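Colleague: One structure, as C-alpha cells, below. Some questions next.
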Ligand SMILES: Nc1ncnc2c1ncn2[C@@H]1O[C@H](CSCC[C@H](N)C(=O)O)[C@@H](O)[C@H]1O
C-alpha cells in the first residue's frame, strides 16, 4: 500500500537505523540501488541477510527511466521499500521520485540514515561553517569540468569550508580518490590562476566514513597528494579560515602540521 | 579503554543505527547528553528500555567542565558509551571531547546517525545548494542577537539556501517554533531594512524530521507566519533561487503555491 525510501548509511549494513530495519523487514518487496555511493564495508548478501528479504538491485537507468514501471506498480498493492547508500535524498536526484509516486497514487515515506554530508563532523571542522558543496567530476573527452573550483573560491572568500563529493562510475567500479581530486584541482588552478588551490593549500581527507576506523588526515596538498588514504570511498574538504578549536582537532586527531595551530586572525 | 560516541538520530528511540544500538548494548556504562538537542519523539525510559542499560544523563556543565572526571575514568577500564541526539560531532563542542579522550589515554570511536543537517534533504532542496548554517536564538533582556539574519543575506545573495536551527530550552523542554522564528526575523528586518526577510519571502518548514509523519510546508511568510506546523521540533529554511525541480517538489510534496514556479525560480 506504500513506498518507503530507506537509507542504508555510510559503510556497512549496520548503518541502517533500527526504524529502517524494522520497517524493511516487514515490506513485501525490497528494491535498491548502489550507484549513487559506495558502501565499502558490506555486501548485498549481508544486507539481504539482515533484512531477511531478496533485494532486487536496480541500475541508474532502471530508476531514472523506469522507476514508475518497476517499483511503483507494486507499491499499489503491497508495502515496498527502496534502499540506497547513505541518506536516500542527499546528493542524489531521488527526491523527484516522490513526485512520481504521488502522481501514480502511491503514498511514500522517508527513513533517514547517516550521511557523509554530516559525517564530515568527525573531521573536527564546524558543520555550520560548511558552505556550498560540489562534486569533482572526472574529465571526459575534450570537456574539462571546473565548476567545483569556483565553489571552493566563493566559500573560501567567505571563510567557509568546502565539502567535495568525489566522482564515481558504479558500473566501471571506478571510485575517485582524494589524490586524483587534488591532481585535477592543481590543474584547474594553472588554468584559472585564482590562488584557490595550490601545493600549500591545507586540505582534509575522510575515507570510509562510517567505519569504526575511518582515515582522517589533514595537511598541505604538497604532502598529502601522494599519500595513501586506503580504499574508497574518499571525500575531500578544503577548509576556510579555521577556528583555533578546529585547528586543535586537526592536529591532535588528523595529524596535521602543528603550524596550523597558529591562525592568522 | 574504549569510549563510543553514539548518535541517537532525529526523533525517537528507533533513529539510532543498528550498529549504535548493538555497540551500546555491549557497553559496561552508558552516558548521554540532551542539551545540544532533544529527542522529542521518545523518552529517556524508552531509550533505556531499548538499550537495556541504565543511562546516566549529563548536564552541559557535566560535559564541558567535568567530562574527564565523569566519563573518561570508567572508560579507562571499561567500554563506555556517550549518547547524543542526531549525529555525534555535528554539535560544535563535541569534537573537542575526543581530544580529551586521547589525553586520558582512552581510545574513542564515532558511530554516526541521521542529522537534521542532512535530513533537510526531505524538503526537496538540493543539499549542495545549502550554504552557511545559523541558529535563531531567543532574545533575552537587553540582548538581541541578529547574526543569523546576515547568514541568510550572504547565502541568498549567492543563490544558496539557509538552514536555520531553532532555539531550544533543554531543561524546560521549550522549543522555539518556526512561527516564532519567522516573527523574530521580521523584527530584525524592520531594524536592518536589508530586504532579506519579509512577508514575501519564501520559506520552508520541516517539523519532526525523522518521524514517519513530518510536516513539510513551503510558502510565503505572510501565509505561514501563523500556520500550525504541529509538534516540535521545527526547523526553518530560507531557500535561495530554486532549480525548477526543487520548486516542483515544494509544490507537489510541501503544498507550496504554484506562484513559486515563476517567482522563485
Ligand atoms: N563513507 C564515506 N566516506 C567517504 N566519502 C563518502 C562516504 N559515503 C559517501 N561518500 C562520498 O559521497 C559520494 C556519493 S554522493 C551520495 C551520498 C549519499 N546520499 C550520502 O548521504 O552519503 C562518494 O563518491 C564519496 O565521495
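Residue numbers (PDB author numbering), protein chains in the order written: chain A, 1 to 265; chain B, 1 to 265.
All C-beta atoms in this analysis are idealised placements derived from N, C-alpha and C, irrespective of residue type, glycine included.
#1: Measure the beta-carbon distance from residue 205 of chain A to residue 236 of chain A and round it to whole angstroms, keeping in mind my assumption that it falls under 8 Å.
#2: Any idea what DSSP makes of residue 203 of chain B, helix, strand or coil?
#3: Give me the Cα-Cα distance between residue 35 of chain B and residue 85 of chain B, rounded to the nearest whole angstrom.
#4: Just verifying my parser: in three-state terms, what is the DSSP assignment at residue 123 of chain B?
#5: Is any non-hydrogen atom of ligand 1 found closer than 7 Å to the C-beta of residue 195 of chain A, if you look at the structure I gave you?
#6: Determine the chain B residues that contact residue 256 of chain A at a beta-carbon separation under 9 Å, and present them in chain order.
#7: Does residue 35 of chain A come out as helix, strand or coil in the three-state DSSP assignment?
#8: Relative to ligand 1, what is the chain-ordered list of residues with a Cβ closer than 5 Å to any of its non-hydrogen atoms?
#9: Does any C-beta atom of chain A lie closer than 8 Å to the C-beta of residue 87 of chain B?
#10: Considering only the alpha carbon of each residue, which of B:70, B:3, B:172, B:103 lies closest to residue 38 of chain B?
#11: Could you name the residues of chain B that residue 114 of chain A contacts, counting a contact when the two beta carbons are closer than 7 Å?
#12: Taking the C-alpha atoms as reference points, what is the distance between residue 242 of chain A and residue 121 of chain B?
#13: Who are the neighbours of residue 152 of chain A on chain B, taking C-beta pairs under 7 Å?
#14: Identify, in the order they occur along the chain, each residue of the same chain with its Cβ nearer than 8 Å to the Cβ of residue 214 of chain A, setting aside the five sequence neighbours on each side.
#15: Just by C-beta distance, which residues in the segment 43–64 of chain B are closer than 9 Å to chain A?
#16: Out of A:134, A:146, A:265, point me to the one whose CA is closest to residue 193 of chain A's CA.
#17: Nearest to residue 33 of chain B by alpha carbon, out of B:100, B:59, B:223, B:117?
#18: Less than 8 Å between the CB atoms is what I'm expecting for residue 106 of chain B and residue 76 of chain B, so what's the real figure, rounded?
#19: Determine, for residue 37 of chain B, whether the minimum Cβ-Cβ distance to residues of chain A falls below 8 Å.
#20: Please go through the same chain and pick out, in chain order, the residues whose beta-carbon is closer than 6 Å to the beta-carbon of residue 233 of chain B, but skip the five residues on each side of it.
#21: DSSP three-state call for residue 140 of chain B: helix, strand or coil?
#22: Using a Cβ-Cβ distance cut-off of 8 Å, determine whether residue 105 of chain A contacts chain B.
#23: Against residue 245 of chain B, what residues of chain A qualify as contacts under a CB-to-CB distance less than 8 Å, listed in chain order?
#24: Closest by CA to residue 135 of chain A, which one among A:88, A:27, A:181?
#25: Can you name the residues of chain A whose CB is closer than 7 Å to the CB of residue 219 of chain B?
#26: Are there 16 or more other CB atoms within 10 angstroms of the CB of residue 144 of chain A, so buried, or fewer, so exposed?
#27: Which of the three DSSP states, helix, strand or coil, is assigned to residue 241 of chain B?
#28: Which residues, in chain order, does the segment 153–178 of chain A contribute to contact with chain B at a C-beta distance below 7 Å?
#29: Quick one: what's got a C-beta closer than 8 Å to residue 229 of chain A's C-beta in the same chain, skipping five residues either side?
#30: Taking residue 216 of chain A as part of the alpha helix (DSSP H), name the residues at either end of that continuous run.
Modeller: The short version:
#1: 6 Å
#2: strand
#3: 9 Å
#4: helix
#5: no
#6: Neighbours of residue 256 of chain A on chain B: none; closest Cβ ~13 Å, over 9 Å.
#7: coil
#8: A:10, A:36, A:37, A:86, A:87, A:90, A:91, A:115, A:116, A:165, A:166, A:168, A:209, A:210, A:233, A:235
#9: yes
#10: B:172
#11: 17, 87, 112, 113, 114
#12: 27 Å
#13: None at all; the shortest Cβ gap to chain B is about 13 Å.
#14: 122, 206, 207, 208
#15: 50
#16: A:146
#17: B:59
#18: 6 Å
#19: no
#20: 40, 175
#21: strand
#22: no
#23: 93, 95, 96
#24: A:181
#25: What residue 219 of chain B touches in chain A: nothing, since even the nearest Cβ is about 18 Å away.
#26: exposed
#27: coil
#28: 154, 158, 160
#29: 177, 178, 179, 205, 207, 215, 217
#30: Careful: residue 216 of chain A lies outside any alpha helix (DSSP H), inside the beta strand (DSSP E) at 215–220.
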